[PDB]
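Single-structure report; data block below.
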Amino acid sequence: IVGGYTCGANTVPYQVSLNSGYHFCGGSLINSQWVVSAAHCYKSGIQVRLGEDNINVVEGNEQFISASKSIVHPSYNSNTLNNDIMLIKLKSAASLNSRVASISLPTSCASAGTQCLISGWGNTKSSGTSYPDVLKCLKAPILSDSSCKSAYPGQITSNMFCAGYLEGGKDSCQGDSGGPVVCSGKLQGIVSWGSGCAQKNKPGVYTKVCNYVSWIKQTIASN
Ligand SMILES: N=C(N)c1ccc2[nH]c(Cc3nc4ccccc4[nH]3)nc2c1
Ligand SMILES: [Ca+2]
Ligand SMILES: [Mg+2]
């Protein structure tokens with residue numbers, strides 16, 4: 001997250017860190033046994049780390065659970081990143097408490113202008129590399145599709161939306177992929193892609209979760 005602030009320990013209780021010997025992507029807990037992340041974060045051998053704040057220090061509120069199965073969206077296209085979403089089932093159910101909570105799925109899509117909270121342990125420099133150990137947060141609004149499509153001609157589908165600042169300065173970045181974009185208490189997006197980080201006229205692109213609620217509900221109930 002570039003231009004954001006330190007969230008504070010466990011203030012984003014549904015945020016998960018996907019680890020395969022190191023942190024490589026974020027995710028969101030939707031219920032005690034399931035996590036939603038980005039399909040491009042797919043790897044075999046994932047351990048889900050819940051209740052984290054500093055990912056390099058065991059502070060006492062963590063729960064590290066291995067994944068029993070991963071399901072990438074049936075129509076995920078790695079070349080365009082269309083349908084960039086995946087579900088991960090935990091080997092054991094997590095214990096929900098103050099520090100570990102699930103986030104609600106949306107009943108409708110959000111409007112341009114809605115402010116959202118984006119979080120993650122990704123790079124914090126637009127030009128440079130600095131990976132933080134504690135969770136960073138960013139409040140950003142959903143942008144109009146017109147400004148989104150003008151920034152990325154021929155690359156935005158109906159399963160994506162842009163959020164951020166066209167002026168640059170504030171944005172999600174690599175290391176943040178798969179993490180949550182929560183607006184009005186619902187999970188509306190998943191950090192997916194962009195062009196560099198915090199560049200002018202290059203906002204972040206997110207998977208539009210409201211288009212996948214039926215697939216999510218159906219898939220978790222059958223697995
Ligand atoms: N500015 C952003 N909001 C941004 C978020 C995440 C991200 N991740 C990458 C690198 C990146 N681009 C791809 C394309 C396809 C598969 C993986 C992948 N990783 N850039 C970005 C940019
Ligand atoms: Ca920790
Ligand atoms: Mg994240």
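In the structure tokens, chains take the letters A, B, ... in the order shown, each chain's residues start at 1, and ligands count up from 1 in the order shown.
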
message: From a backbone DSSP assignment, name each residue in region 70-187 of chain A labelled strand (DSSP E), as a PyMOL selection string.
response: chain A and resi 70-72+86-90+115-120+136-141+160-163+180-183+186-187

Once you have the residues from the selection above, write them out as an mmCIF file, in the first residue's frame, restricted to N, CA and C atoms.
```cif
data_model
loop_
_atom_site.group_PDB
_atom_site.id
_atom_site.type_symbol
_atom_site.label_atom_id
_atom_site.label_comp_id
_atom_site.auth_asym_id
_atom_site.auth_seq_id
_atom_site.Cartn_x
_atom_site.Cartn_y
_atom_site.Cartn_z
ATOM 1 N N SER A 70 -8.076 -25.511 -2.929
ATOM 2 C CA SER A 70 -8.113 -24.183 -3.570
ATOM 3 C C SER A 70 -8.949 -24.377 -4.827
ATOM 4 N N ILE A 71 -9.738 -23.393 -5.143
ATOM 5 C CA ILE A 71 -10.605 -23.427 -6.335
ATOM 6 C C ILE A 71 -10.494 -22.095 -7.045
ATOM 7 N N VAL A 72 -9.881 -22.133 -8.185
ATOM 8 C CA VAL A 72 -9.719 -20.916 -8.992
ATOM 9 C C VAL A 72 -11.033 -20.835 -9.827
ATOM 10 N N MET A 86 -10.423 -16.545 -6.374
ATOM 11 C CA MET A 86 -10.248 -17.967 -6.011
ATOM 12 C C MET A 86 -10.700 -18.114 -4.552
ATOM 13 N N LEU A 87 -11.089 -19.318 -4.243
ATOM 14 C CA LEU A 87 -11.579 -19.713 -2.887
ATOM 15 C C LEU A 87 -10.595 -20.737 -2.325
ATOM 16 N N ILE A 88 -10.352 -20.595 -1.054
ATOM 17 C CA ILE A 88 -9.423 -21.490 -0.332
ATOM 18 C C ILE A 88 -10.167 -22.028 0.871
ATOM 19 N N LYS A 89 -10.188 -23.329 1.030
ATOM 20 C CA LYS A 89 -10.891 -23.924 2.187
ATOM 21 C C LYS A 89 -9.760 -24.266 3.195
ATOM 22 N N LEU A 90 -10.036 -24.005 4.439
ATOM 23 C CA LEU A 90 -9.071 -24.264 5.539
ATOM 24 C C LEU A 90 -9.209 -25.706 5.976
ATOM 25 N N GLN A 115 -16.625 5.222 -0.678
ATOM 26 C CA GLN A 115 -15.257 5.136 -0.095
ATOM 27 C C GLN A 115 -15.107 3.732 0.433
ATOM 28 N N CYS A 116 -13.935 3.219 0.234
ATOM 29 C CA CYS A 116 -13.621 1.851 0.683
ATOM 30 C C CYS A 116 -12.300 1.841 1.450
ATOM 31 N N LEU A 117 -12.063 0.733 2.109
ATOM 32 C CA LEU A 117 -10.826 0.512 2.913
ATOM 33 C C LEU A 117 -10.110 -0.673 2.206
ATOM 34 N N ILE A 118 -8.883 -0.413 1.841
ATOM 35 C CA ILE A 118 -8.001 -1.404 1.143
ATOM 36 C C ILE A 118 -6.850 -1.634 2.147
ATOM 37 N N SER A 119 -6.445 -2.855 2.307
ATOM 38 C CA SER A 119 -5.357 -3.148 3.266
ATOM 39 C C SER A 119 -4.407 -4.256 2.792
ATOM 40 N N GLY A 120 -3.219 -4.256 3.346
ATOM 41 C CA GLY A 120 -2.241 -5.295 2.954
ATOM 42 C C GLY A 120 -0.835 -4.986 3.420
ATOM 43 N N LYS A 136 -0.960 -2.217 6.535
ATOM 44 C CA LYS A 136 -1.190 -0.832 6.064
ATOM 45 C C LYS A 136 -2.615 -0.808 5.486
ATOM 46 N N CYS A 137 -3.191 0.354 5.646
ATOM 47 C CA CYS A 137 -4.554 0.719 5.227
ATOM 48 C C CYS A 137 -4.579 1.947 4.326
ATOM 49 N N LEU A 138 -5.605 1.979 3.524
ATOM 50 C CA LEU A 138 -5.804 3.090 2.582
ATOM 51 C C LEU A 138 -7.304 3.279 2.354
ATOM 52 N N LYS A 139 -7.773 4.488 2.422
ATOM 53 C CA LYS A 139 -9.211 4.739 2.176
ATOM 54 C C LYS A 139 -9.135 5.284 0.734
ATOM 55 N N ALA A 140 -9.970 4.771 -0.120
ATOM 56 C CA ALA A 140 -9.983 5.220 -1.534
ATOM 57 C C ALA A 140 -11.415 5.032 -2.061
ATOM 58 N N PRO A 141 -11.832 5.905 -2.925
ATOM 59 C CA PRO A 141 -13.133 5.760 -3.567
ATOM 60 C C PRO A 141 -13.113 4.959 -4.859
ATOM 61 N N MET A 160 -14.467 -6.055 -13.374
ATOM 62 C CA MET A 160 -13.425 -5.217 -12.767
ATOM 63 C C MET A 160 -13.903 -3.792 -12.518
ATOM 64 N N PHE A 161 -13.264 -3.110 -11.598
ATOM 65 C CA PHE A 161 -13.601 -1.689 -11.313
ATOM 66 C C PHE A 161 -12.245 -1.098 -10.836
ATOM 67 N N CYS A 162 -12.167 0.190 -10.932
ATOM 68 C CA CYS A 162 -10.953 0.936 -10.516
ATOM 69 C C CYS A 162 -11.299 1.709 -9.254
ATOM 70 N N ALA A 163 -10.314 1.872 -8.434
ATOM 71 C CA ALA A 163 -10.507 2.619 -7.168
ATOM 72 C C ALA A 163 -9.186 3.317 -6.956
ATOM 73 N N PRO A 180 -8.518 -7.487 0.499
ATOM 74 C CA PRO A 180 -9.861 -6.872 0.513
ATOM 75 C C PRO A 180 -10.027 -5.384 0.186
ATOM 76 N N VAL A 181 -11.193 -5.081 -0.335
ATOM 77 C CA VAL A 181 -11.591 -3.695 -0.682
ATOM 78 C C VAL A 181 -12.995 -3.817 -0.030
ATOM 79 N N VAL A 182 -13.140 -3.164 1.095
ATOM 80 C CA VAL A 182 -14.436 -3.208 1.831
ATOM 81 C C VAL A 182 -15.057 -1.818 1.783
ATOM 82 N N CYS A 183 -16.308 -1.805 1.374
ATOM 83 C CA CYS A 183 -17.089 -0.537 1.255
ATOM 84 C C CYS A 183 -18.416 -0.799 1.952
ATOM 85 N N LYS A 186 -19.119 -4.291 3.383
ATOM 86 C CA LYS A 186 -19.182 -5.514 2.512
ATOM 87 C C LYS A 186 -17.914 -5.593 1.686
ATOM 88 N N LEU A 187 -17.589 -6.808 1.360
ATOM 89 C CA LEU A 187 -16.373 -7.085 0.537
ATOM 90 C C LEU A 187 -16.813 -6.806 -0.917
#
```

message: Report as a list in words all protein, DNA and RNA residues lying within 10 Å of residue 104 (chain A), evaluated on only C-alpha atoms, omitting residues in the same chain fewer than 4 positions from it.
response: residues 14, 28, 29, 30, 31, 182, 185, 186, 187 and 188 of chain A

query: Between CA of residue 60 (chain A) and CA of residue 23 (chain A), what is the spacing in Å?
result: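 Calculated distance between CA of residue 23 (chain A) and CA of residue 60 (chain A) is 18.0 Å.
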
message: Here is a test: counting only C-alpha atoms, which residue of A:197, A:205, A:48, A:191 is nearest to residue 145 (chain A)?
response: A:205

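When only C-alpha atoms and all ligand atoms are used to compute distances to ligand 2, the closest of the residues A:107, A:10, A:33, A:47 turns out to be A:10.
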
field: Residue with smallest distance to ligand 2 - pool A:51, A:128, A:153, A:113, counting only C-alpha atoms and all ligand atoms
entry: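 Looking at the shortest contact to ligand 2, the residue is A:51.
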
Do you have, as a tab-separated table, the list of residues of chain A lying at most 7 Å from ligand 2, each with its nearest atom pair and that distance in Å to one decimal, counting only C-alpha atoms and all ligand atoms and ordered by chain then number?
```
residue	atom	partner	partner_atom_place_in_ligand_line	distance
A:52	CA	ligand 2	1 (Ca)	4.7
A:53	CA	ligand 2	1 (Ca)	5.5
A:54	CA	ligand 2	1 (Ca)	4.4
A:55	CA	ligand 2	1 (Ca)	4.2
A:56	CA	ligand 2	1 (Ca)	5.5
A:57	CA	ligand 2	1 (Ca)	4.2
A:58	CA	ligand 2	1 (Ca)	3.9
A:59	CA	ligand 2	1 (Ca)	5.1
A:62	CA	ligand 2	1 (Ca)	6.4
```

For ligand 3, collect every residue having any atom at a distance of at most 9 Å from a ligand atom (counting only C-alpha atoms and all ligand atoms); output as a PDB file with N, CA, C and O atoms, in the first residue's frame.
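Full text of pocket_2.pdb as output:
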```
ATOM      1  N   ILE A   1       0.926  -1.172   0.000  1.00  0.00           N
ATOM      2  CA  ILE A   1       0.000   0.000   0.000  1.00  0.00           C
ATOM      3  C   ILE A   1       0.941   1.192   0.000  1.00  0.00           C
ATOM      4  O   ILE A   1       1.820   1.229   0.830  1.00  0.00           O
ATOM      5  N   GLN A  15      -8.767  -9.710   7.490  1.00  0.00           N
ATOM      6  CA  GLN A  15      -7.570  -9.756   6.576  1.00  0.00           C
ATOM      7  C   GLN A  15      -6.712 -11.003   6.866  1.00  0.00           C
ATOM      8  O   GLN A  15      -6.396 -11.297   8.045  1.00  0.00           O
ATOM      9  N   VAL A  16      -6.347 -11.679   5.821  1.00  0.00           N
ATOM     10  CA  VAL A  16      -5.509 -12.868   5.946  1.00  0.00           C
ATOM     11  C   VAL A  16      -4.184 -12.649   5.097  1.00  0.00           C
ATOM     12  O   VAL A  16      -4.127 -11.859   4.172  1.00  0.00           O
ATOM     13  N   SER A  17      -3.190 -13.373   5.485  1.00  0.00           N
ATOM     14  CA  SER A  17      -1.857 -13.321   4.795  1.00  0.00           C
ATOM     15  C   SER A  17      -1.750 -14.796   4.300  1.00  0.00           C
ATOM     16  O   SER A  17      -1.953 -15.708   5.104  1.00  0.00           O
ATOM     17  N   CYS A  25       0.648 -13.009  -0.657  1.00  0.00           N
ATOM     18  CA  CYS A  25      -0.665 -12.395  -1.067  1.00  0.00           C
ATOM     19  C   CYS A  25      -1.568 -12.247   0.155  1.00  0.00           C
ATOM     20  O   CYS A  25      -1.326 -12.900   1.161  1.00  0.00           O
ATOM     21  N   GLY A  26      -2.568 -11.419  -0.010  1.00  0.00           N
ATOM     22  CA  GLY A  26      -3.548 -11.169   1.062  1.00  0.00           C
ATOM     23  C   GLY A  26      -4.783 -11.991   0.690  1.00  0.00           C
ATOM     24  O   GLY A  26      -4.846 -12.624  -0.353  1.00  0.00           O
ATOM     25  N   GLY A  27      -5.738 -11.976   1.559  1.00  0.00           N
ATOM     26  CA  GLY A  27      -7.006 -12.718   1.333  1.00  0.00           C
ATOM     27  C   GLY A  27      -8.031 -12.168   2.371  1.00  0.00           C
ATOM     28  O   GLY A  27      -7.647 -11.371   3.219  1.00  0.00           O
ATOM     29  N   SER A  28      -9.268 -12.610   2.262  1.00  0.00           N
ATOM     30  CA  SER A  28     -10.367 -12.173   3.184  1.00  0.00           C
ATOM     31  C   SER A  28     -11.074 -13.416   3.729  1.00  0.00           C
ATOM     32  O   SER A  28     -11.346 -14.338   2.972  1.00  0.00           O
ATOM     33  N   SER A  37      -9.545 -14.934  -2.293  1.00  0.00           N
ATOM     34  CA  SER A  37      -8.304 -14.204  -2.650  1.00  0.00           C
ATOM     35  C   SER A  37      -8.372 -14.061  -4.179  1.00  0.00           C
ATOM     36  O   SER A  37      -9.399 -14.265  -4.802  1.00  0.00           O
ATOM     37  N   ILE A 118      -8.883  -0.413   1.841  1.00  0.00           N
ATOM     38  CA  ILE A 118      -8.001  -1.404   1.143  1.00  0.00           C
ATOM     39  C   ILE A 118      -6.850  -1.634   2.147  1.00  0.00           C
ATOM     40  O   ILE A 118      -6.357  -0.691   2.744  1.00  0.00           O
ATOM     41  N   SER A 119      -6.445  -2.855   2.307  1.00  0.00           N
ATOM     42  CA  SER A 119      -5.357  -3.148   3.266  1.00  0.00           C
ATOM     43  C   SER A 119      -4.407  -4.256   2.792  1.00  0.00           C
ATOM     44  O   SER A 119      -4.781  -5.072   1.956  1.00  0.00           O
ATOM     45  N   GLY A 120      -3.219  -4.256   3.346  1.00  0.00           N
ATOM     46  CA  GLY A 120      -2.241  -5.295   2.954  1.00  0.00           C
ATOM     47  C   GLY A 120      -0.835  -4.986   3.420  1.00  0.00           C
ATOM     48  O   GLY A 120      -0.537  -3.919   3.938  1.00  0.00           O
ATOM     49  N   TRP A 121      -0.011  -5.971   3.204  1.00  0.00           N
ATOM     50  CA  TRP A 121       1.441  -5.921   3.575  1.00  0.00           C
ATOM     51  C   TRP A 121       2.300  -5.772   2.297  1.00  0.00           C
ATOM     52  O   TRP A 121       3.435  -6.197   2.258  1.00  0.00           O
ATOM     53  N   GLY A 122       1.751  -5.148   1.298  1.00  0.00           N
ATOM     54  CA  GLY A 122       2.498  -4.969   0.014  1.00  0.00           C
ATOM     55  C   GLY A 122       3.450  -3.790   0.011  1.00  0.00           C
ATOM     56  O   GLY A 122       3.485  -3.048   0.973  1.00  0.00           O
ATOM     57  N   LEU A 135       0.463  -4.283   9.025  1.00  0.00           N
ATOM     58  CA  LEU A 135      -0.616  -3.999   8.060  1.00  0.00           C
ATOM     59  C   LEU A 135      -0.848  -2.512   7.809  1.00  0.00           C
ATOM     60  O   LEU A 135      -0.923  -1.725   8.752  1.00  0.00           O
ATOM     61  N   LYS A 136      -0.960  -2.217   6.535  1.00  0.00           N
ATOM     62  CA  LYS A 136      -1.190  -0.832   6.064  1.00  0.00           C
ATOM     63  C   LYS A 136      -2.615  -0.808   5.486  1.00  0.00           C
ATOM     64  O   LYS A 136      -3.077  -1.800   4.939  1.00  0.00           O
ATOM     65  N   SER A 172      -2.836   0.529  -4.054  1.00  0.00           N
ATOM     66  CA  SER A 172      -2.447  -0.768  -3.455  1.00  0.00           C
ATOM     67  C   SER A 172      -1.172  -1.069  -4.362  1.00  0.00           C
ATOM     68  O   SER A 172      -0.845  -0.311  -5.275  1.00  0.00           O
ATOM     69  N   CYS A 173      -0.497  -2.153  -4.121  1.00  0.00           N
ATOM     70  CA  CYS A 173       0.715  -2.456  -4.912  1.00  0.00           C
ATOM     71  C   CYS A 173       1.007  -3.954  -4.799  1.00  0.00           C
ATOM     72  O   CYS A 173       0.248  -4.678  -4.162  1.00  0.00           O
ATOM     73  N   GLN A 174       2.083  -4.405  -5.392  1.00  0.00           N
ATOM     74  CA  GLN A 174       2.333  -5.851  -5.266  1.00  0.00           C
ATOM     75  C   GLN A 174       2.644  -6.198  -3.804  1.00  0.00           C
ATOM     76  O   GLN A 174       3.252  -5.457  -3.047  1.00  0.00           O
ATOM     77  N   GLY A 175       2.158  -7.357  -3.462  1.00  0.00           N
ATOM     78  CA  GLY A 175       2.318  -7.892  -2.088  1.00  0.00           C
ATOM     79  C   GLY A 175       0.904  -7.730  -1.480  1.00  0.00           C
ATOM     80  O   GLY A 175       0.558  -8.393  -0.516  1.00  0.00           O
ATOM     81  N   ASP A 176       0.125  -6.831  -2.067  1.00  0.00           N
ATOM     82  CA  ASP A 176      -1.275  -6.564  -1.595  1.00  0.00           C
ATOM     83  C   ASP A 176      -2.332  -7.403  -2.357  1.00  0.00           C
ATOM     84  O   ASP A 176      -3.456  -7.499  -1.882  1.00  0.00           O
ATOM     85  N   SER A 177      -1.933  -7.946  -3.486  1.00  0.00           N
ATOM     86  CA  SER A 177      -2.874  -8.776  -4.330  1.00  0.00           C
ATOM     87  C   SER A 177      -3.622  -9.823  -3.518  1.00  0.00           C
ATOM     88  O   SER A 177      -3.055 -10.427  -2.619  1.00  0.00           O
ATOM     89  N   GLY A 178      -4.877  -9.978  -3.879  1.00  0.00           N
ATOM     90  CA  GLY A 178      -5.744 -10.970  -3.189  1.00  0.00           C
ATOM     91  C   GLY A 178      -6.454 -10.352  -1.970  1.00  0.00           C
ATOM     92  O   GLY A 178      -7.422 -10.909  -1.499  1.00  0.00           O
ATOM     93  N   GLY A 179      -5.982  -9.228  -1.498  1.00  0.00           N
ATOM     94  CA  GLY A 179      -6.599  -8.595  -0.319  1.00  0.00           C
ATOM     95  C   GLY A 179      -7.891  -7.889  -0.585  1.00  0.00           C
ATOM     96  O   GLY A 179      -8.289  -7.732  -1.726  1.00  0.00           O
ATOM     97  N   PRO A 180      -8.518  -7.487   0.499  1.00  0.00           N
ATOM     98  CA  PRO A 180      -9.861  -6.872   0.513  1.00  0.00           C
ATOM     99  C   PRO A 180     -10.027  -5.384   0.186  1.00  0.00           C
ATOM    100  O   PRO A 180      -9.128  -4.596   0.410  1.00  0.00           O
ATOM    101  N   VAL A 181     -11.193  -5.081  -0.335  1.00  0.00           N
ATOM    102  CA  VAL A 181     -11.591  -3.695  -0.682  1.00  0.00           C
ATOM    103  C   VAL A 181     -12.995  -3.817  -0.030  1.00  0.00           C
ATOM    104  O   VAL A 181     -13.875  -4.500  -0.554  1.00  0.00           O
ATOM    105  N   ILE A 190     -11.310  -7.186  -4.688  1.00  0.00           N
ATOM    106  CA  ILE A 190     -10.104  -7.995  -4.414  1.00  0.00           C
ATOM    107  C   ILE A 190      -8.971  -7.261  -5.173  1.00  0.00           C
ATOM    108  O   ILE A 190      -9.151  -6.953  -6.344  1.00  0.00           O
ATOM    109  N   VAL A 191      -7.865  -7.000  -4.502  1.00  0.00           N
ATOM    110  CA  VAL A 191      -6.712  -6.304  -5.161  1.00  0.00           C
ATOM    111  C   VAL A 191      -6.268  -7.243  -6.316  1.00  0.00           C
ATOM    112  O   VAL A 191      -5.886  -8.378  -6.082  1.00  0.00           O
TER     113      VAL A 191
END
```

message: Measuring between only C-alpha atoms and all ligand atoms, which one of A:22, A:131, A:206, A:34 shows the shortest distance to ligand 1?
response: A:206

query: Of the candidates A:201, A:146, A:61, A:114, which one gets nearest to residue 99 (chain A) if we count only C-alpha atoms?
result: A:61

message: So the first atom is atom 1 (N, counted along the ligand's line) of ligand 1 and the second is CA of residue 166 (chain A); what is the distance between them in Å, to one decimal place?
response: 11.5 Å

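Between CA of residue 159 (chain A) and CA of residue 212 (chain A) the interatomic distance comes to 8.8 Å.
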
task: Using only C-alpha atoms and all ligand atoms, pick whichever of A:63, A:6, A:192, A:83 has the shortest atom-to-atom distance to ligand 1.
output: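 When distances to ligand 1 are compared using only C-alpha atoms and all ligand atoms, the smallest one comes from A:192.
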
- request: Within region 5-210 of chain A, find each residue whose DSSP state, derived from the backbone, is helix (DSSP H, G or I), and express the selection as an MDAnalysis selection string.
  value: chainID A and resid 39:41 145:151 209:210
